[PDB]
file coords-v4.pdb (PDB, C-alpha atoms (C1' of nucleotides))
ATOM      1  CA  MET A   1     203.405 137.057  47.917  1.00  0.00           C
ATOM      2  CA  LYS A   2     199.941 136.608  49.426  1.00  0.00           C
ATOM      3  CA  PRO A   3     196.543 137.462  47.885  1.00  0.00           C
ATOM      4  CA  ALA A   4     193.917 139.816  49.324  1.00  0.00           C
ATOM      5  CA  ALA A   5     191.924 136.870  50.723  1.00  0.00           C
ATOM      6  CA  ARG A   6     194.380 136.484  53.619  1.00  0.00           C
ATOM      7  CA  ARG A   7     194.100 140.207  54.423  1.00  0.00           C
ATOM      8  CA  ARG A   8     190.295 140.045  54.242  1.00  0.00           C
ATOM      9  CA  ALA A   9     190.274 136.962  56.491  1.00  0.00           C
ATOM     10  CA  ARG A  10     192.595 138.712  58.959  1.00  0.00           C
ATOM     11  CA  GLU A  11     190.439 141.860  59.103  1.00  0.00           C
ATOM     12  CA  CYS A  12     187.256 139.791  59.468  1.00  0.00           C
ATOM     13  CA  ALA A  13     188.994 137.852  62.253  1.00  0.00           C
ATOM     14  CA  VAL A  14     189.845 141.159  63.979  1.00  0.00           C
ATOM     15  CA  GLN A  15     186.181 142.188  63.705  1.00  0.00           C
ATOM     16  CA  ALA A  16     184.892 138.801  64.913  1.00  0.00           C
ATOM     17  CA  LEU A  17     187.272 138.607  67.885  1.00  0.00           C
ATOM     18  CA  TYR A  18     186.477 142.194  68.909  1.00  0.00           C
ATOM     19  CA  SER A  19     182.769 141.334  68.684  1.00  0.00           C
ATOM     20  CA  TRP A  20     183.396 138.221  70.786  1.00  0.00           C
ATOM     21  CA  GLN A  21     185.461 139.986  73.453  1.00  0.00           C
ATOM     22  CA  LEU A  22     183.005 142.887  73.751  1.00  0.00           C
ATOM     23  CA  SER A  23     179.652 141.116  73.350  1.00  0.00           C
ATOM     24  CA  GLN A  24     180.943 138.319  75.665  1.00  0.00           C
ATOM     25  CA  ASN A  25     179.200 135.316  74.118  1.00  0.00           C
ATOM     26  CA  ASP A  26     180.074 131.804  72.952  1.00  0.00           C
ATOM     27  CA  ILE A  27     182.774 131.657  70.293  1.00  0.00           C
ATOM     28  CA  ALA A  28     181.056 128.884  68.294  1.00  0.00           C
ATOM     29  CA  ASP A  29     177.678 130.601  67.872  1.00  0.00           C
ATOM     30  CA  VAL A  30     179.186 134.004  67.024  1.00  0.00           C
ATOM     31  CA  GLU A  31     181.616 132.252  64.657  1.00  0.00           C
ATOM     32  CA  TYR A  32     178.769 130.412  62.904  1.00  0.00           C
ATOM     33  CA  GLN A  33     176.750 133.635  62.593  1.00  0.00           C
ATOM     34  CA  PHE A  34     179.796 135.506  61.271  1.00  0.00           C
ATOM     35  CA  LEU A  35     180.504 132.763  58.715  1.00  0.00           C
ATOM     36  CA  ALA A  36     176.865 132.258  57.641  1.00  0.00           C
ATOM     37  CA  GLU A  37     175.699 135.899  57.622  1.00  0.00           C
ATOM     38  CA  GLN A  38     178.704 138.063  56.636  1.00  0.00           C
ATOM     39  CA  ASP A  39     180.951 138.406  53.584  1.00  0.00           C
ATOM     40  CA  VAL A  40     182.950 135.154  53.525  1.00  0.00           C
ATOM     41  CA  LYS A  41     183.459 134.673  49.774  1.00  0.00           C
ATOM     42  CA  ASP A  42     186.913 136.319  49.953  1.00  0.00           C
ATOM     43  CA  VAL A  43     187.724 135.039  53.459  1.00  0.00           C
ATOM     44  CA  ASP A  44     190.164 132.173  53.986  1.00  0.00           C
ATOM     45  CA  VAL A  45     188.252 129.627  56.062  1.00  0.00           C
ATOM     46  CA  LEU A  46     191.192 127.677  57.510  1.00  0.00           C
ATOM     47  CA  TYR A  47     193.120 130.853  58.401  1.00  0.00           C
ATOM     48  CA  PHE A  48     190.022 132.190  60.191  1.00  0.00           C
ATOM     49  CA  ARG A  49     189.428 128.927  62.078  1.00  0.00           C
ATOM     50  CA  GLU A  50     193.067 128.467  63.138  1.00  0.00           C
ATOM     51  CA  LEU A  51     193.451 132.108  64.214  1.00  0.00           C
ATOM     52  CA  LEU A  52     190.227 132.154  66.255  1.00  0.00           C
ATOM     53  CA  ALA A  53     191.009 128.736  67.769  1.00  0.00           C
ATOM     54  CA  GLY A  54     194.482 129.910  68.778  1.00  0.00           C
ATOM     55  CA  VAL A  55     193.153 133.132  70.311  1.00  0.00           C
ATOM     56  CA  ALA A  56     190.385 131.213  72.122  1.00  0.00           C
ATOM     57  CA  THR A  57     192.861 128.675  73.529  1.00  0.00           C
ATOM     58  CA  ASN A  58     195.454 131.357  74.387  1.00  0.00           C
ATOM     59  CA  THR A  59     193.209 133.996  76.031  1.00  0.00           C
ATOM     60  CA  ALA A  60     194.925 133.520  79.407  1.00  0.00           C
ATOM     61  CA  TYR A  61     198.352 133.089  77.774  1.00  0.00           C
ATOM     62  CA  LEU A  62     198.160 136.393  75.895  1.00  0.00           C
ATOM     63  CA  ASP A  63     196.690 138.093  78.979  1.00  0.00           C
ATOM     64  CA  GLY A  64     199.664 136.868  81.013  1.00  0.00           C
ATOM     65  CA  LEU A  65     201.962 138.197  78.300  1.00  0.00           C
ATOM     66  CA  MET A  66     200.119 141.543  78.257  1.00  0.00           C
ATOM     67  CA  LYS A  67     200.141 141.920  82.062  1.00  0.00           C
ATOM     68  CA  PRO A  68     203.805 143.120  82.414  1.00  0.00           C
ATOM     69  CA  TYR A  69     203.095 145.698  79.655  1.00  0.00           C
ATOM     70  CA  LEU A  70     200.162 147.574  81.239  1.00  0.00           C
ATOM     71  CA  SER A  71     202.016 150.004  83.510  1.00  0.00           C
ATOM     72  CA  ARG A  72     203.151 153.162  81.686  1.00  0.00           C
ATOM     73  CA  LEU A  73     199.819 153.732  79.902  1.00  0.00           C
ATOM     74  CA  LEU A  74     198.356 157.165  80.588  1.00  0.00           C
ATOM     75  CA  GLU A  75     194.780 156.036  79.943  1.00  0.00           C
ATOM     76  CA  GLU A  76     193.434 152.577  80.737  1.00  0.00           C
ATOM     77  CA  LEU A  77     193.550 149.554  78.436  1.00  0.00           C
ATOM     78  CA  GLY A  78     191.088 149.531  75.554  1.00  0.00           C
ATOM     79  CA  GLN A  79     189.506 146.551  73.837  1.00  0.00           C
ATOM     80  CA  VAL A  80     190.606 147.221  70.239  1.00  0.00           C
ATOM     81  CA  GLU A  81     194.241 147.450  71.371  1.00  0.00           C
ATOM     82  CA  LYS A  82     193.833 144.185  73.292  1.00  0.00           C
ATOM     83  CA  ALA A  83     192.389 142.415  70.230  1.00  0.00           C
ATOM     84  CA  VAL A  84     195.148 143.745  67.942  1.00  0.00           C
ATOM     85  CA  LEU A  85     197.845 142.686  70.425  1.00  0.00           C
ATOM     86  CA  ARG A  86     196.333 139.206  70.920  1.00  0.00           C
ATOM     87  CA  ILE A  87     196.062 138.528  67.177  1.00  0.00           C
ATOM     88  CA  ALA A  88     199.516 140.029  66.539  1.00  0.00           C
ATOM     89  CA  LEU A  89     201.155 137.929  69.254  1.00  0.00           C
ATOM     90  CA  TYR A  90     199.447 134.725  68.121  1.00  0.00           C
ATOM     91  CA  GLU A  91     200.677 135.461  64.592  1.00  0.00           C
ATOM     92  CA  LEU A  92     204.161 135.772  66.166  1.00  0.00           C
ATOM     93  CA  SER A  93     204.006 132.676  68.411  1.00  0.00           C
ATOM     94  CA  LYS A  94     202.938 129.523  66.546  1.00  0.00           C
ATOM     95  CA  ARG A  95     202.243 130.522  62.922  1.00  0.00           C
ATOM     96  CA  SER A  96     204.847 128.998  60.595  1.00  0.00           C
ATOM     97  CA  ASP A  97     203.492 129.838  57.125  1.00  0.00           C
ATOM     98  CA  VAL A  98     203.279 133.555  58.005  1.00  0.00           C
ATOM     99  CA  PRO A  99     206.701 135.283  58.026  1.00  0.00           C
ATOM    100  CA  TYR A 100     208.013 137.497  60.811  1.00  0.00           C
ATOM    101  CA  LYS A 101     208.258 140.868  59.040  1.00  0.00           C
ATOM    102  CA  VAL A 102     205.029 140.149  57.130  1.00  0.00           C
ATOM    103  CA  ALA A 103     203.108 139.520  60.367  1.00  0.00           C
ATOM    104  CA  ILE A 104     204.628 142.634  61.962  1.00  0.00           C
ATOM    105  CA  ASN A 105     203.717 144.727  58.892  1.00  0.00           C
ATOM    106  CA  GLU A 106     200.132 143.430  58.879  1.00  0.00           C
ATOM    107  CA  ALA A 107     199.883 144.053  62.636  1.00  0.00           C
ATOM    108  CA  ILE A 108     201.088 147.645  62.166  1.00  0.00           C
ATOM    109  CA  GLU A 109     198.510 148.095  59.380  1.00  0.00           C
ATOM    110  CA  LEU A 110     195.753 146.725  61.647  1.00  0.00           C
ATOM    111  CA  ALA A 111     196.854 148.947  64.546  1.00  0.00           C
ATOM    112  CA  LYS A 112     196.952 152.065  62.358  1.00  0.00           C
ATOM    113  CA  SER A 113     193.656 151.345  60.576  1.00  0.00           C
ATOM    114  CA  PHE A 114     191.648 150.028  63.537  1.00  0.00           C
ATOM    115  CA  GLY A 115     193.186 150.932  66.901  1.00  0.00           C
ATOM    116  CA  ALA A 116     193.736 154.710  67.061  1.00  0.00           C
ATOM    117  CA  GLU A 117     195.998 157.455  65.734  1.00  0.00           C
ATOM    118  CA  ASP A 118     198.058 157.110  68.928  1.00  0.00           C
ATOM    119  CA  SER A 119     197.742 153.445  69.993  1.00  0.00           C
ATOM    120  CA  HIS A 120     199.620 151.927  67.037  1.00  0.00           C
ATOM    121  CA  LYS A 121     202.916 153.019  68.596  1.00  0.00           C
ATOM    122  CA  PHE A 122     201.842 151.152  71.749  1.00  0.00           C
ATOM    123  CA  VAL A 123     201.099 148.081  69.612  1.00  0.00           C
ATOM    124  CA  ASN A 124     204.509 148.370  67.920  1.00  0.00           C
ATOM    125  CA  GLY A 125     206.234 148.800  71.293  1.00  0.00           C
ATOM    126  CA  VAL A 126     204.562 145.725  72.797  1.00  0.00           C
ATOM    127  CA  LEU A 127     205.418 143.759  69.636  1.00  0.00           C
ATOM    128  CA  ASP A 128     209.060 144.896  69.658  1.00  0.00           C
ATOM    129  CA  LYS A 129     209.347 144.006  73.353  1.00  0.00           C
ATOM    130  CA  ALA A 130     207.509 140.656  73.079  1.00  0.00           C
ATOM    131  CA  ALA A 131     208.241 139.094  69.649  1.00  0.00           C
ATOM    132  CA  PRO A 132     212.034 138.616  70.154  1.00  0.00           C
ATOM    133  CA  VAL A 133     211.135 137.033  73.508  1.00  0.00           C
ATOM    134  CA  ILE A 134     208.542 134.676  72.001  1.00  0.00           C
ATOM    135  CA  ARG A 135     210.468 134.121  68.737  1.00  0.00           C
ATOM    136  CA  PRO A 136     214.230 134.561  69.207  1.00  0.00           C
ATOM    137  CA  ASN A 137     214.628 133.041  65.729  1.00  0.00           C
ATOM    138  CA  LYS A 138     212.264 135.709  64.257  1.00  0.00           C
ATOM    139  CA  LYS A 139     210.472 133.367  61.857  1.00  0.00           C
TER     140      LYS A 139
ATOM    141  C1'   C B   1     207.012 153.475  63.747  1.00  0.00           C
ATOM    142  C1'   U B   2     209.094 151.027  70.226  1.00  0.00           C
ATOM    143  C1'   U B   3     205.084 151.977  75.143  1.00  0.00           C
ATOM    144  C1'   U B   4     197.019 156.544  74.764  1.00  0.00           C
ATOM    145  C1'   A B   5     195.239 161.484  71.619  1.00  0.00           C
ATOM    146  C1'   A B   6     192.830 166.556  74.094  1.00  0.00           C
ATOM    147  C1'   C B   7     193.315 174.430  75.850  1.00  0.00           C
ATOM    148  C1'   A B   8     188.801 175.025  74.617  1.00  0.00           C
ATOM    149  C1'   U B   9     184.677 179.416  75.293  1.00  0.00           C
ATOM    150  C1'   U B  10     183.271 184.033  68.182  1.00  0.00           C
ATOM    151  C1'   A B  11     175.485 185.043  71.006  1.00  0.00           C
ATOM    152  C1'   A B  12     172.077 188.888  72.831  1.00  0.00           C
ATOM    153  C1'   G B  13     171.808 195.635  72.145  1.00  0.00           C
ATOM    154  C1'   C B  14     171.360 201.632  72.922  1.00  0.00           C
ATOM    155  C1'   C B  15     170.439 205.580  76.417  1.00  0.00           C
ATOM    156  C1'   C B  16     169.284 207.914  81.468  1.00  0.00           C
ATOM    157  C1'   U B  17     169.785 207.916  87.202  1.00  0.00           C
ATOM    158  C1'   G B  18     173.120 206.058  90.681  1.00  0.00           C
ATOM    159  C1'   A B  19     179.782 205.636  95.266  1.00  0.00           C
ATOM    160  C1'   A B  20     181.070 201.373  91.524  1.00  0.00           C
ATOM    161  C1'   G B  21     181.344 195.541  87.413  1.00  0.00           C
ATOM    162  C1'   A B  22     175.425 197.506  94.709  1.00  0.00           C
ATOM    163  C1'   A B  23     170.968 198.976  92.286  1.00  0.00           C
ATOM    164  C1'   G B  24     166.563 201.556  89.632  1.00  0.00           C
ATOM    165  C1'   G B  25     164.378 202.368  84.726  1.00  0.00           C
ATOM    166  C1'   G B  26     163.021 203.706  79.417  1.00  0.00           C
ATOM    167  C1'   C B  27     163.830 202.701  74.051  1.00  0.00           C
ATOM    168  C1'   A B  28     165.330 199.403  68.026  1.00  0.00           C
ATOM    169  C1'   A B  29     163.091 193.532  68.301  1.00  0.00           C
ATOM    170  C1'   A B  30     159.590 189.051  70.034  1.00  0.00           C
ATOM    171  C1'   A B  31     157.605 183.213  71.437  1.00  0.00           C
ATOM    172  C1'   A B  32     153.565 183.847  75.565  1.00  0.00           C
ATOM    173  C1'   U B  33     149.754 185.117  80.165  1.00  0.00           C
ATOM    174  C1'   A B  34     150.351 173.627 105.092  1.00  0.00           C
ATOM    175  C1'   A B  35     150.480 177.542 108.599  1.00  0.00           C
ATOM    176  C1'   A B  36     152.633 179.388 115.824  1.00  0.00           C
ATOM    177  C1'   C B  37     148.680 184.267 114.824  1.00  0.00           C
ATOM    178  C1'   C B  38     143.568 189.960 116.602  1.00  0.00           C
ATOM    179  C1'   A B  39     138.638 188.858 116.117  1.00  0.00           C
ATOM    180  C1'   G B  40     110.340 189.285  96.671  1.00  0.00           C
ATOM    181  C1'   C B  41     105.253 190.543  93.338  1.00  0.00           C
ATOM    182  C1'   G B  42     100.404 188.841  91.869  1.00  0.00           C
ATOM    183  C1'   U B  43      95.772 187.244  93.190  1.00  0.00           C
ATOM    184  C1'   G B  44      91.956 186.991  96.839  1.00  0.00           C
ATOM    185  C1'   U B  45      89.584 188.483 101.589  1.00  0.00           C
ATOM    186  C1'   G B  46      88.664 191.970 105.333  1.00  0.00           C
ATOM    187  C1'   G B  47      89.230 196.691 107.945  1.00  0.00           C
ATOM    188  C1'   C B  48      89.612 202.191 108.135  1.00  0.00           C
TER     189        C B  48
END
call {"tool": "encode", "arguments": {"input": "coords-v4.pdb", "output": "structure tokens"}}
result
Amino acid sequence: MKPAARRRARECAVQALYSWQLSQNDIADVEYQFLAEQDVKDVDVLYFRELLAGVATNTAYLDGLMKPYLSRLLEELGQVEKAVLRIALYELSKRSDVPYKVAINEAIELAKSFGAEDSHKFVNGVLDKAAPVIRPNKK
RNA sequence: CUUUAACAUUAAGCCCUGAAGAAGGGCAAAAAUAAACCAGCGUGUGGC
């Protein structure tokens, strides 16, 4: 139902937000470098801007959501898992054009292809315990 | 896909002496060699 440009924009947004949260710089300069120096010919511009703006304005919101779900972890919290959970919970909080099962399926694909071979079940557990709370309608 | 993965470690000898896995050697193979502290010789002169 959706072309590969949305998937490419989502993966480039995962890469850009991981680079922002690990390099710890300004979001505007890193965003301008990532849009003027990387492959953006198959990247949805408005999807990228709205997703990064929502993550940048809901840093503390998604951290407060993640804070009750950082107890039973054997190791400590990684950064790739945090980026996948932030993008997955913003795609399940305010995004109306993206469906519920479609966003969960893309989040599971991102967690299996980027997080780990063992952290994608943690991502799916946090999503299954948070997305009916955030979206009881499951839209 | 519902709440962090991982048990690894496969190589260096043979023989003799020795109470031993305490120690002493040879051989098949080789990169590389401050301090306290006892105490002549060659010229001249002259002499005999």
call {"tool": "closest_residue", "arguments": {"input": "coords-v4.pdb", "among": "A:54, A:99, A:115, A:136", "to": "chain B", "atoms": "all atoms listed in the file"}}
result
A:115
call {"tool": "resolve_selection", "arguments": {"input": "coords-v4.pdb", "expression": "the PyMOL selection byres ((chain B) within 9 of (chain A))", "output": "ChimeraX atom specification"}}
result
/B:1-5
call {"tool": "atom_distance", "arguments": {"input": "coords-v4.pdb", "atom1": "atom CA of residue 105 of chain A", "atom2": "atom CA of residue 40 of chain A"}}
result
23.5 Å
call {"tool": "atom_distance", "arguments": {"input": "coords-v4.pdb", "atom1": "atom CA of residue 62 of chain A", "atom2": "atom CA of residue 21 of chain A"}}
result
13.4 Å
call {"tool": "resolve_selection", "arguments": {"input": "coords-v4.pdb", "expression": "the PyMOL selection byres ((chain A and resi 80) around 8)", "output": "list in words"}}
result
residues 18, 78, 79, 81, 82, 83, 84, 114 and 115 of chain A
call {"tool": "resolve_selection", "arguments": {"input": "coords-v4.pdb", "expression": "the PyMOL selection byres ((chain A and resi 41) around 12)", "output": "NGL selection string"}}
result
:A and (4-6 or 8-9 or 12 or 35-40 or 42-45)
call {"tool": "atom_distance", "arguments": {"input": "coords-v4.pdb", "atom1": "atom CA of residue 13 of chain A", "atom2": "atom CA of residue 102 of chain A"}}
result
17.0 Å
call {"tool": "residues_around", "arguments": {"input": "coords-v4.pdb", "residues": "residue 14 of chain B", "least_positions_apart": "5", "cutoff": "12 Å", "atoms": "all atoms listed in the file", "output": "MDAnalysis selection string"}}
result
chainID B and resid 26:28
call {"tool": "residues_near_point", "arguments": {"input": "coords-v4.pdb", "point": "(204.2, 125.7, 66.3)", "cutoff": "12 Å", "atoms": "all atoms listed in the file", "output": "JSON, numbers by chain"}}
result
{"A": [50, 54, 90, 91, 92, 93, 94, 95, 96, 97, 98, 134, 135, 139]}
call {"tool": "axis_aligned_box", "arguments": {"input": "coords-v4.pdb", "around": "segment 12-22 of chain B", "padding_each_side": "4 Å", "output": "lines of an AutoDock Vina configuration file"}}
result
center_x = 175.3
center_y = 198.4
center_z = 83.7
size_x = 20.1
size_y = 27.0
size_z = 31.1
call {"tool": "closest_residue", "arguments": {"input": "coords-v4.pdb", "among": "A:68, A:57, A:131, A:52", "to": "residue 14 of chain A", "atoms": "all atoms listed in the file"}}
result
A:52
call {"tool": "closest_residue", "arguments": {"input": "coords-v4.pdb", "among": "A:46, A:22, A:16, A:133", "to": "residue 89 of chain A", "atoms": "only C-alpha atoms"}}
result
A:133
